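What follows is one structure encoded as structure tokens, with my remarks underneath.
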Amino acid sequence: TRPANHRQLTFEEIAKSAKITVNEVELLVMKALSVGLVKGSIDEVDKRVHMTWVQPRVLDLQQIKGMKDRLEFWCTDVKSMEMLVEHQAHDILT
Amino acid sequence: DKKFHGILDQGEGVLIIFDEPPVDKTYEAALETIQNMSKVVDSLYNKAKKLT
Amino acid sequence: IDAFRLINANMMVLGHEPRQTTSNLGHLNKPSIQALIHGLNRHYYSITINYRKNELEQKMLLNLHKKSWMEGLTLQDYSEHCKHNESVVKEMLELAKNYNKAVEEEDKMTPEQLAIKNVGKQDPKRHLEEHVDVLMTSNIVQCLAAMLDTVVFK
Amino acid sequence: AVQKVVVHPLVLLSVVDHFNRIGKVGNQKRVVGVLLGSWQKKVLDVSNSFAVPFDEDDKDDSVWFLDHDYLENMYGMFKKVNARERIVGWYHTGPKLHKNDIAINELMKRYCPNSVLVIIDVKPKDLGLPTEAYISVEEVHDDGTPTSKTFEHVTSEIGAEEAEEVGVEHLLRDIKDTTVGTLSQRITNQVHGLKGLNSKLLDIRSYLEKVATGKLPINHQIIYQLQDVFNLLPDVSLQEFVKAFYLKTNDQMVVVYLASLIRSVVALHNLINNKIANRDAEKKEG
Amino acid sequence: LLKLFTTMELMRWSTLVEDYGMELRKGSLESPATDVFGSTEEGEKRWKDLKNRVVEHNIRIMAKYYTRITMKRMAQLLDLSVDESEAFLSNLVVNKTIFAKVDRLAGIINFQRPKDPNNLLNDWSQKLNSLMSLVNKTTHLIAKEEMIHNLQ
């Protein structure tokens, strides 16, 4: 859901969505880490779960559209500040 | 007497253990050259003073 | 590589290598001593070689033998880069102390003779700023590529 | 199982001239010939080749001619003059490849079992593309999918041995992209290293334009294989923050006090050595 | 033996004694189980040492999947006291076989280690180089492969 801007998920959100109790979420996330559909980690001083995730799936063409807009913002940032570098050091580039 | 890398607190009664940075060498070798470069400018200072 | 051509003995009363109205014979080689000891220049003669060299073969051999695309913005990151920043400065300190030695010496020992009798590819300018160039080129290209990757990637 | 192929630079080179051989009658826009090789390990090696008569029709794109008898005898020649070398595959050009290449490959896999093909790009030779090589495997397609061929890719490179760099270095002689670069050389590597970044990206731009817009049928494999790319780019944080200025400053210190000061004092030494030698020849003219 | 492989096979010693303790009592054949455990002092220390092996199996998987962990959660997950969990972990770290460190004024202990700016930047460049430039090289060539099959 959230595209790794704040992927530090709180434990209560798992206990709300999966409607499982608080004490089972650690065995729940160590299971999915064991199977290998996720490669995150667990903190417990905040009881928040960090997520580095590598199991992708189908993304339903209306969300290819939002994937296009990410790629274009990514596109124009590459092109613009390439032009800033070329115009800045044009005299010593040659 | 440097037998140990820690620190104490009177306000907490709490012993804290930390480590040491070993990356002193680059800045240390830098400022010794400034002592060398200070003498070579003094060498050029009286070289211009002895003859213009 | 060299190319040759067999000359007759019928022109023994005439000029062997019968060359004429041009001034590009004294180029490309003088007849070398290891080759004129054999049948040059009384059995065969040399002949000039240049290359039918063209575009679309020049550029495809240039650009395809020496190229690196994604390597142009790599890092070689810092565990050996910043280590190499120690690797030069240390003897550059001692070579600076050697640079101290000659400059505070400065004696009238006929100083145009004093400079020429101790050429050694050594201290005052040769073993100097050459290192300053290498410290400059390595650190700028490192740090400039570091700032761009922060710019480009989010 | 091929790691990478090694292109000896006589083979491509001996393709471009053969394209230029038929170019006086040129109406085919593709040249197919035989790729000799020397299989050593999971990495492959190519060092020789030759050509073969081939034609192809735009209509029905499945009537094509490799010449077996010409392939028999001339390979029998190159075996006789050099028994080190054998066949490893074939080549063609025209980067929009004809779909007939299933039939070309499945014929001459009876000469080499793990046959391999290399596409050279004679006319497109500009941005980032030396060559391209494919490998032939055939699954069905996937779990619940019909049958297919599906050419797969093995990465490529351009190799170098002694007594061809001798032929290379004697033939450049103009700019050569000289040995280990200066400041200007590294910055240009960052320029056209980045000019191809968006160039690959403008291609992946157009793909998910024309597949998501709604023209051609979607692959599923390439979609989620693109998805993990976007969930792998780093972000900025406080741990990135205090660390970056910890070691940018450490790179900076070497530049600042050790390179700028000492280069100035050397040039300051050239002041006094000039001005003494200037006026002492001036005052001692007469 | 399958359950003592790895990745916790999710386990707990209280569950382990109540499903396989019947295996240590009379059964069909059963006799090496009565031979190894169940004795007067030889099997009884081996009851203790099996407890030792399973709690040691539970420490290593915690070091895999936890940045931090409170002290009270480790006590209730190892089926033993807070003070025993202190000394059993303190034994393993002076033996330096599990690489951890505690803070017992607050009970919050940690398993991760302090990374270096030479190291964090090396991880920053590694995800950058290896799997944002190479996979971007990779996607482009399959993207050319789809133009083969789809048109015409």
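Chain identifiers are assigned as A, B, and so on, following the order in which chains appear in the structure tokens; residues are numbered from 1 within each chain, and ligands are numbered from 1 in order of appearance.
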
Give one line per residue of chain E that approaches chain B to at most 12 Å, naming the two atoms of the closest pair and their distance in Å to one decimal, counting only C-alpha atoms; sort by chain then ascending residue number and deliver it as CSV.
```
residue,atom,partner,partner_atom,distance
E:101,CA,B:17,CA,10.9
E:102,CA,B:17,CA,11.2
E:103,CA,B:16,CA,9.5
E:104,CA,B:14,CA,10.6
E:105,CA,B:14,CA,8.5
E:106,CA,B:14,CA,11.6
E:114,CA,B:19,CA,10.6
E:116,CA,B:21,CA,10.7
E:117,CA,B:23,CA,11.6
E:118,CA,B:23,CA,11.0
```

Near-residue 142 (chain E) list (10 Å; only C-alpha atoms; drop same-chain fewer than 3 positions) as a JSON list (two decimals) with N, CA, C and O atoms, in the first residue's frame:
```json
[["chain", "number", "residue", "atom", "x", "y", "z"],
["D", 152, "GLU", "N", 16.35, -16.48, -25.60],
["D", 152, "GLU", "CA", 16.83, -15.84, -24.39],
["D", 152, "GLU", "C", 18.18, -15.19, -24.66],
["D", 152, "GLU", "O", 18.86, -15.49, -25.63],
["D", 153, "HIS", "N", 18.55, -14.27, -23.77],
["D", 153, "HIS", "CA", 19.74, -13.46, -23.96],
["D", 153, "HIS", "C", 20.88, -13.94, -23.08],
["D", 153, "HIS", "O", 20.67, -14.34, -21.93],
["D", 221, "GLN", "N", 5.55, -11.40, -17.18],
["D", 221, "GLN", "CA", 6.88, -11.58, -16.60],
["D", 221, "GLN", "C", 7.60, -10.25, -16.42],
["D", 221, "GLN", "O", 8.17, -9.99, -15.36],
["D", 222, "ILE", "N", 7.56, -9.39, -17.44],
["D", 222, "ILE", "CA", 8.30, -8.13, -17.41],
["D", 222, "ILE", "C", 7.69, -7.12, -16.45],
["D", 222, "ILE", "O", 8.38, -6.19, -16.03],
["E", 137, "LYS", "N", 19.47, -2.38, -16.92],
["E", 137, "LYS", "CA", 20.03, -2.99, -18.11],
["E", 137, "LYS", "C", 19.25, -4.26, -18.47],
["E", 137, "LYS", "O", 19.09, -4.59, -19.65],
["E", 138, "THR", "N", 18.75, -4.96, -17.46],
["E", 138, "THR", "CA", 18.11, -6.25, -17.70],
["E", 138, "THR", "C", 16.72, -6.08, -18.29],
["E", 138, "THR", "O", 16.36, -6.76, -19.25],
["E", 139, "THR", "N", 15.93, -5.15, -17.73],
["E", 139, "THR", "CA", 14.57, -4.92, -18.20],
["E", 139, "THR", "C", 14.52, -4.45, -19.64],
["E", 139, "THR", "O", 13.55, -4.75, -20.35],
["E", 145, "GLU", "N", 12.77, -7.87, -26.40],
["E", 145, "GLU", "CA", 12.33, -9.21, -26.76],
["E", 145, "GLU", "C", 10.82, -9.27, -26.97],
["E", 145, "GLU", "O", 10.32, -10.13, -27.70],
["E", 146, "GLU", "N", 10.07, -8.35, -26.35],
["E", 146, "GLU", "CA", 8.63, -8.35, -26.54],
["E", 146, "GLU", "C", 8.25, -7.77, -27.89],
["E", 146, "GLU", "O", 7.18, -8.09, -28.43],
["E", 147, "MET", "N", 9.11, -6.94, -28.47],
["E", 147, "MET", "CA", 8.88, -6.45, -29.82],
["E", 147, "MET", "C", 9.10, -7.54, -30.86],
["E", 147, "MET", "O", 8.67, -7.40, -32.01],
["E", 148, "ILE", "N", 9.81, -8.60, -30.49],
["E", 148, "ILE", "CA", 10.00, -9.73, -31.40],
["E", 148, "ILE", "C", 8.69, -10.49, -31.56],
["E", 148, "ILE", "O", 8.25, -10.78, -32.68]]
```

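Excluding residue 109 (chain D) and any residue on its chain fewer than 3 positions from it, the residues at most 12 Å away by only C-alpha atoms are residues 87, 88, 89, 90, 102, 103, 104, 105, 106, 112, 113, 114, 115, 116, 117, 135, 136 and 137 of chain D.
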
- List every residue of chain B that DSSP, applied to the backbone of this structure, assigns to helix (DSSP H, G or I), and report them as a PyMOL selection string. chain B and resi 25-50

Take the selection from the previous step and output its residues with N, CA, C and O atoms, as a CSV table (one decimal), in the first residue's frame.
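Okay, result_31.csv is ready:
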```csv
chain,number,residue,atom,x,y,z
B,25,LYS,N,44.3,9.4,11.4
B,25,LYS,CA,45.6,9.4,10.7
B,25,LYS,C,45.7,10.4,9.6
B,25,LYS,O,46.7,11.0,9.3
B,26,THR,N,44.6,10.6,8.9
B,26,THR,CA,44.6,11.5,7.8
B,26,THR,C,44.7,13.0,8.2
B,26,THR,O,45.5,13.7,7.6
B,27,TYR,N,44.0,13.4,9.2
B,27,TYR,CA,44.1,14.8,9.6
B,27,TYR,C,45.4,15.0,10.4
B,27,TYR,O,46.0,16.1,10.3
B,28,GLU,N,45.9,13.9,11.0
B,28,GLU,CA,47.2,14.0,11.7
B,28,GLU,C,48.3,14.2,10.8
B,28,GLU,O,49.2,15.0,11.0
B,29,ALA,N,48.3,13.4,9.7
B,29,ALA,CA,49.3,13.6,8.6
B,29,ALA,C,49.2,14.9,7.9
B,29,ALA,O,50.1,15.3,7.2
B,30,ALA,N,48.0,15.5,7.9
B,30,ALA,CA,47.7,16.7,7.2
B,30,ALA,C,48.4,17.9,7.9
B,30,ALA,O,49.2,18.6,7.3
B,31,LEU,N,48.2,18.0,9.2
B,31,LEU,CA,48.7,19.2,10.0
B,31,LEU,C,50.1,19.1,10.3
B,31,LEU,O,50.7,20.1,10.8
B,32,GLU,N,50.8,18.0,10.0
B,32,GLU,CA,52.3,18.0,10.1
B,32,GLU,C,52.9,18.6,8.9
B,32,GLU,O,54.0,19.2,9.0
B,33,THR,N,52.3,18.5,7.8
B,33,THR,CA,52.8,19.2,6.6
B,33,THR,C,52.7,20.7,6.7
B,33,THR,O,53.5,21.4,6.0
B,34,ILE,N,51.7,21.2,7.4
B,34,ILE,CA,51.6,22.7,7.6
B,34,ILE,C,52.8,23.2,8.4
B,34,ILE,O,53.2,24.3,8.2
B,35,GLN,N,53.3,22.4,9.3
B,35,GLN,CA,54.5,22.7,10.0
B,35,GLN,C,55.7,22.8,9.1
B,35,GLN,O,56.6,23.6,9.2
B,36,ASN,N,55.7,21.9,8.1
B,36,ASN,CA,56.7,21.9,7.0
B,36,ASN,C,56.5,23.1,6.1
B,36,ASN,O,57.5,23.8,5.8
B,37,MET,N,55.3,23.4,5.7
B,37,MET,CA,55.0,24.5,4.8
B,37,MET,C,55.1,25.8,5.5
B,37,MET,O,55.3,26.8,4.8
B,38,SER,N,55.1,25.9,6.8
B,38,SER,CA,55.3,27.1,7.5
B,38,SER,C,56.8,27.5,7.4
B,38,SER,O,57.2,28.7,7.4
B,39,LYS,N,57.7,26.5,7.3
B,39,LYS,CA,59.1,26.8,7.3
B,39,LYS,C,59.6,27.1,5.9
B,39,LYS,O,60.5,27.9,5.7
B,40,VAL,N,58.9,26.6,4.9
B,40,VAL,CA,59.3,26.9,3.5
B,40,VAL,C,58.9,28.3,3.1
B,40,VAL,O,59.5,28.9,2.2
B,41,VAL,N,57.8,28.8,3.7
B,41,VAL,CA,57.4,30.2,3.4
B,41,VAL,C,58.4,31.1,4.1
B,41,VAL,O,58.8,32.1,3.6
B,42,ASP,N,58.8,30.7,5.3
B,42,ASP,CA,59.9,31.5,6.0
B,42,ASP,C,61.2,31.4,5.2
B,42,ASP,O,62.0,32.4,5.3
B,43,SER,N,61.4,30.3,4.6
B,43,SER,CA,62.6,30.2,3.7
B,43,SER,C,62.5,31.1,2.5
B,43,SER,O,63.5,31.7,2.0
B,44,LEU,N,61.3,31.3,2.0
B,44,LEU,CA,61.1,32.2,0.9
B,44,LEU,C,60.9,33.7,1.3
B,44,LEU,O,61.0,34.6,0.6
B,45,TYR,N,60.6,33.8,2.6
B,45,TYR,CA,60.4,35.2,3.2
B,45,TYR,C,61.7,35.9,3.3
B,45,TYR,O,61.8,37.1,2.9
B,46,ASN,N,62.7,35.3,3.8
B,46,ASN,CA,64.0,36.0,3.9
B,46,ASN,C,64.8,35.8,2.6
B,46,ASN,O,65.8,36.5,2.4
B,47,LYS,N,64.4,34.9,1.7
B,47,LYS,CA,65.0,34.9,0.3
B,47,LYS,C,64.6,36.1,-0.5
B,47,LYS,O,65.4,36.7,-1.2
B,48,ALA,N,63.4,36.6,-0.3
B,48,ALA,CA,63.0,37.8,-0.9
B,48,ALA,C,63.5,39.0,-0.1
B,48,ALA,O,63.6,40.1,-0.7
B,49,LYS,N,63.8,38.8,1.1
B,49,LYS,CA,64.3,39.9,1.9
B,49,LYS,C,65.8,40.1,1.7
B,49,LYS,O,66.3,41.3,1.7
B,50,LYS,N,66.5,39.0,1.5
B,50,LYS,CA,68.0,39.1,1.3
B,50,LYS,C,68.2,39.8,-0.1
B,50,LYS,O,69.1,40.7,-0.2
```

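Residues in contact range of region 34-47 of chain A, defined as at most 8 Å between only C-alpha atoms, with sequence neighbours fewer than 4 positions away removed, read residues 10, 11, 30, 51, 52, 53, 54 and 55 of chain A; 7, 65, 66, 67, 68, 69, 70 and 108 of chain E.
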
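Of note, CA of residue 14 (chain C) and CA of residue 42 (chain C) are spaced 11.9 Å apart.
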
- Task: Among the residues of chain B, find those DSSP assigns to strand (DSSP E) from the backbone and print them as a ChimeraX atom specification.
- Result: /B:6-7,16-17

Keeping N, CA and C atoms, export the residues of the selection given above as an mmCIF file, in the first residue's frame.
```
data_model
loop_
_atom_site.group_PDB
_atom_site.id
_atom_site.type_symbol
_atom_site.label_atom_id
_atom_site.label_comp_id
_atom_site.auth_asym_id
_atom_site.auth_seq_id
_atom_site.Cartn_x
_atom_site.Cartn_y
_atom_site.Cartn_z
ATOM 1 N N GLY B 6 35.248 3.483 28.959
ATOM 2 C CA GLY B 6 33.927 3.752 29.466
ATOM 3 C C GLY B 6 33.845 5.099 30.135
ATOM 4 N N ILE B 7 32.736 5.321 30.838
ATOM 5 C CA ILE B 7 32.485 6.589 31.510
ATOM 6 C C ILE B 7 31.466 6.319 32.609
ATOM 7 N N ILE B 16 28.605 3.343 31.500
ATOM 8 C CA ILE B 16 28.347 3.347 30.064
ATOM 9 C C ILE B 16 29.624 2.962 29.333
ATOM 10 N N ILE B 17 29.498 2.072 28.349
ATOM 11 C CA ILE B 17 30.638 1.519 27.622
ATOM 12 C C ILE B 17 30.524 1.882 26.147
#
```

- Task: Could you please tell me, as an NGL selection string, which residues of chain C have an atom within 6 Å of chain D when using only C-alpha atoms?
- Result: :C and (64 or 69 or 72-73 or 132 or 137)

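Between residue 70 (chain C) and the residues D:200, D:275, D:283, D:220, the shortest atom-to-atom distance, using only C-alpha atoms, involves D:200.
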
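Restricting the calculation to only C-alpha atoms, the smallest distance between chain E and any of C:68, C:76, C:98, C:23 is found for C:76.
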
- Residue hits in chain D, query chain E, radius 9 Å, only C-alpha atoms, as a PyMOL selection string: chain D and resi 96-99+150-153+197+200-201+203-204+207+216-217+219+222+225-226+229-230+232-234+239-240+242-244+246-247

Residues of chain C within 6 Å of chain B, using only C-alpha atoms, as a CSV table (one decimal) with N, CA, C and O atoms, in the first residue's frame?
```csv
chain,number,residue,atom,x,y,z
C,86,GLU,N,45.0,8.2,2.3
C,86,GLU,CA,46.2,8.1,3.2
C,86,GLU,C,47.4,7.7,2.5
C,86,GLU,O,48.5,8.1,2.9
C,93,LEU,N,54.2,14.0,2.8
C,93,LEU,CA,54.7,14.7,4.0
C,93,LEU,C,56.3,14.7,4.0
C,93,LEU,O,56.9,15.7,4.1
C,100,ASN,N,61.6,21.1,1.8
C,100,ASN,CA,62.1,22.1,2.8
C,100,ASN,C,63.6,22.2,2.6
C,100,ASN,O,64.2,23.3,2.6
C,104,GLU,N,65.6,25.9,1.8
C,104,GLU,CA,66.3,26.7,2.8
C,104,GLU,C,67.8,26.5,2.6
C,104,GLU,O,68.6,27.2,3.4
```

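Proximity to chain C was assessed for E:14, E:97, E:31, E:130 counting only C-alpha atoms; the smallest distance is recorded for E:130.
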
- Task: Compile the contact shell of residue 76 (chain E) as a ChimeraX atom specification: residues with an atom at most 12 Å away, counting only C-alpha atoms, same-chain residues fewer than 4 positions apart removed.
- Result: /A:23 /E:12-14,55,69-72,80-85

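Near chain E, within 12 Å and using only C-alpha atoms, the residues of chain C are residues 69, 70, 71, 72, 73, 74, 75, 76, 77, 78, 79, 80, 81, 82, 83, 145, 146, 149, 150, 152, 153 and 154 of chain C.
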
Given the selection you just returned, output its residues as a file containing C-alpha atoms, formatted as a compact mmCIF listing (two decimals), in the first residue's frame.
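New file again25.txt:
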```txt
# COMPACT_ATOMS: atom_id res chain seq x y z
CA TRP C 69 28.49 2.79 -20.04
CA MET C 70 27.26 2.08 -16.52
CA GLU C 71 30.84 2.18 -15.22
CA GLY C 72 30.83 5.94 -15.88
CA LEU C 73 28.96 6.64 -12.63
CA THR C 74 30.16 3.91 -10.28
CA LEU C 75 31.88 4.62 -6.99
CA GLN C 76 34.75 2.17 -6.13
CA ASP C 77 33.25 3.29 -3.11
CA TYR C 78 35.21 4.49 -0.06
CA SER C 79 36.93 1.66 1.82
CA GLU C 80 39.79 1.73 -0.69
CA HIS C 81 39.29 5.27 -1.97
CA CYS C 82 39.67 7.00 1.39
CA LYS C 83 42.38 4.46 2.18
CA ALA C 145 29.80 11.42 -8.86
CA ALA C 146 28.55 11.06 -5.30
CA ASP C 149 23.68 9.98 -7.57
CA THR C 150 21.86 11.78 -4.78
CA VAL C 152 19.46 11.53 -9.99
CA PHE C 153 18.19 8.71 -7.76
CA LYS C 154 15.31 10.41 -5.92
```

Could you give me, as a tab-separated table, every chain A residue with an atom at most 10 Å from chain C, plus its closest atom pair and distance in Å to one decimal, counting only C-alpha atoms, rows ordered by chain then number?
```
residue	atom	partner	partner_atom	distance
A:73	CA	C:154	CA	9.6
A:74	CA	C:154	CA	7.6
A:75	CA	C:152	CA	9.4
A:76	CA	C:152	CA	9.8
A:77	CA	C:152	CA	6.4
A:78	CA	C:152	CA	5.6
A:79	CA	C:152	CA	9.2
A:80	CA	C:152	CA	9.8
A:81	CA	C:152	CA	7.9
A:82	CA	C:152	CA	9.0
A:85	CA	C:148	CA	9.5
```
